[PDB]
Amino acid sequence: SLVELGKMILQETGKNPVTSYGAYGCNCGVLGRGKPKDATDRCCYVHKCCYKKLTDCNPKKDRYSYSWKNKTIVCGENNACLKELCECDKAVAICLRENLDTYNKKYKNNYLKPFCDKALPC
């Protein structure tokens, strides 16, 4: 769920998911995909494509278990959908950390929302 996702983002990046990624670019924290504005935005674009493959479980509200071992996210062996859901959130946490260097303050808090292009298919 968003509980697990937010904890992974903070564990990997050290940032509050809401204040830093609540509405960044055309994809991060908002509903629906748009053409990404930068690399951080593209992380959330891929993550939304990860989610849409997952029927038989609810990515937004379904809880799951994971552990933080050797400063690494380790998805607990689980249901197929829950395991894949955990691997979706782990990928976007790593992706957001990796692109902190080009994180741009001008893209937060839905400054880009009126300018967002229609997204290409996943």
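Residues carry their position along the shown sequence, with the first being 1.
Comparing 13 to 21 with 106 to 114, which has the greater mean CA B-factor as deposited? Averaging CA B-factors over each stretch, the winner is 106 to 114.
| request: Averaging the C-alpha B factors as listed in the entry, name the stretch that ends up higher: 79 to 87 or 36 to 44. | output: Comparing averages over the C-alpha atoms only gives 79 to 87.
Lowest, middle or highest third: where is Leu5 by Cα B-factor in its chain? Lowest third.
Name the third of the chain's ranked CA B-factors that contains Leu54, choosing lowest, middle or highest.
-> For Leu54, the deposited C-alpha B-factor lands in the highest third.
### Message
Can you tell me whether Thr72 has a C-alpha B-factor in the lowest, middle or highest third compared with the other modelled residues of the same chain?
### Response
For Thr72, the deposited C-alpha B-factor lands in the middle third.
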